Structures are given as C-alpha cells and as structure tokens.
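Step one of this worksheet: look at the structure below.
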C-alpha cells in the first residue's frame, strides 16, 4: 500500500 | 485516445495507477503515478545516485528544451518515502497537451521503495499551496493559464484488477460510459492544499459505524485510512482483527459482507464487498481499510476504484458517481 503527504 | 486522455495501468492489486508522460524535446515517455495528495512533478534523472536501473531517467543533455535552475527541492511523503534534487524547466506532453516550460523536479536521491517500484516519478494533482518550493505552478495551473483546457477539470476512472485493471484520466473533460446515474456535486475545502470533503456518515447494513468526518481524496494512497475510532468501529462490523501496524486481517470470503456505504451530500457511495479485501498473501487477507493517527480520513483507491470523480480546480468542487460495472 502507498500513502502519497 | 482523444485530447488530454491518459490511459492508466493498474499496478498489482490496485496498488497504484500510472500513466505515460512525454518530457523534453525530442522527448521520452515516463511512467508517473498521478497523485491528488501532492503537487510536485518529480522524475528519476541521470544525476541520481541511488535510483533503480529499471527506472527511465530524464537526461538534461538530450532535451534541447532543458533550462537549468538554481533551486533545490526535497520531499517526504506520508508512507515515509522521499526524494530530493534540483529544479529545472522543460515541456511536458499530457495526453497530447503540450505544457510549455513546466517546472519539473529532477531526483538526485530517492527512497528504495521508489527505486524498486514501477514508477519513474510522480505527477502532483493537489493545489499549488502545497508545492514544496514556493512559486511553482502545477501542471493543472499551466493547462488553464495556457488555455490547453477550457474547463478547469479532470475526470478520473480507476479500474479493478479483478475486472482487467486499467483506468483513464481526462484533462478538461469526463466520460459518462464510466459511471451510472447522475453526478453529485460536493464542495471542496482546499484550505490545506488537498481535495477535502465531508462524509455525512458511514453505515454497514443498518448500523451507523461513523458520523460526519472529513477526508481527503487521494489517488496516490492505496487504502481507505480512517481515524482510530472510525476504523475500529468499521472493523467490529466485519469481525476484522488489528495487525498492530495500521492494517487489519479480514476474512478472504467477502461474499457474506455488506458494502461500506458513505452518505456524501445526500447520495450513497460505496465500498463494495470485494473491495474490503486489499490483498491475500498465503491465505491471509489484509482488509481494504486501515487506520492512522489523524483526525481526517484518507480516501484512497479502495474508494476511488468504486466511484468516478470529476475534479474541478476552479470552484473548487468534485462531482461523484458510482462506477459503471
């Protein structure tokens, strides 16, 4: 999973 | 594809969606992750000392339109990744739309996760109040001001790996074959430089698992990350167990689950049962929702792969509708 600010 | 149309690629099980962008003259194709949660356009360059060998690297020497810049930049994302480098200027082609003299940020250093992923860099689609370097105009700012788009909008379709993946971004237009019924206008709060909305409530069957809460629409975040209490409340509805790391273990058989329904501005938006499971690794399924120590939620791909969004930067506002599937 990503979590871009 | 039509003007401003960008076909996306679904990486893994809806982990991320990336499109091809041509930068420079004559120009090279780059695979960027389109992110509504950030506003910096950065790419892997030949100045980079810890970049992936699989990444495509922007080479200033081969762009007859490169203009050097004296400023440096550094960024740090919510999942802990980062990158840093120098600023520059060049032309960017976004679906046939040639943005002249866009500030591009060339990476000198990048986090390993960047180095090992499918991306050459990121395309930031949040407001310009959060650009890491002051005075930098985002791509959407330049499309508008250069008259490349007549309406200050982008239509977003994110597909599901289970149905073949894909996706599509349309700059300055939208596509009604991709959604069903009528669009619902929802006002945006961009005071923090994000695409912020208010969800009136969340229900599972007949239970109100949550009351109004604020969330940001982030195409660059995989899951639906919710405040601790909301998160725990949802989990109890599905019998999910906390892994202690922001994730939950849920049953792999979702055939018995009810959709997580969001009441946004009078209409119903959902997270269909299939979507409640992010990934299955060696028989254990990780749920499509997680938790963070924030007061607002991060409405990521788990939600977006289920609802079509028309991002209007001008008002600002968004129009949403359930995916046609």
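Backbone-built Cβ (ideal geometry, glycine too); neighbour counts: all protein chains shown. Any read-out appearing in this document is the output of simple, stated calculations on the displayed coordinates, not a laboratory observation.
Quick look at the values:
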quantity: Extended-chain gain in nm, criterion 0.36 nm per residue less alpha-carbon gap, residue B:71 and residue B:29; calculated: 12.6 nm
quantity: Which of B:189, B:120 has the fewest Cβ neighbours within 10 Å, and the rest in rising order; calculated: B:189, B:120
quantity: Dimensions in Å of the range B:74-161 - Rg and Dmax from alpha carbons; calculated: 14.4, 39
quantity: Cβ-derived FRET efficiency at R0 25 Å, residue B:129 paired with residue B:265, nearest 0.05; calculated: 0.55
quantity: Tilt relative to chain B, helix B:228-238 - C-alpha long axis, 0 to 90 degrees, to 10; calculated: 50 degrees
quantity: Footprinting exposure proxy for B:114, B:269 (fewest neighbouring C-beta atoms within 10 Å first); calculated: B:269, B:114
quantity: Extension gain (nm, one decimal) between residue B:243 and residue B:180, 0.36 nm per residue minus Cα-Cα; calculated: 19.1 nm
quantity: Residues in the range B:273-314 reached by a label modelled at residue B:146 [backbone nitrogen below 17 Å; 7 Å Cα→Cβ]; calculated: none
quantity: Stretch gain in nm, segment residue B:3-residue B:252, where the contour uses 0.36 nm per residue and the Cα spacing is subtracted; calculated: 85.5 nm
quantity: Radius, Kirkwood style, for the range B:6-174 when every pair of distinct Cα atoms is counted (Å); calculated: 16.1 Å
quantity: Relative contact order of the range B:175-323, defined on C-alpha pairs under 8 angstrom at six or more residues apart (%); calculated: 33 percent
quantity: Sequence of B:105, B:280 once ranked by neighbouring C-beta atoms within 10 Å, starting from the fewest; calculated: B:280, B:105
quantity: Förster-model FRET efficiency, 25 Å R0, residue B:200 and residue B:13, C-beta, rounded to 0.05; calculated: 0.25
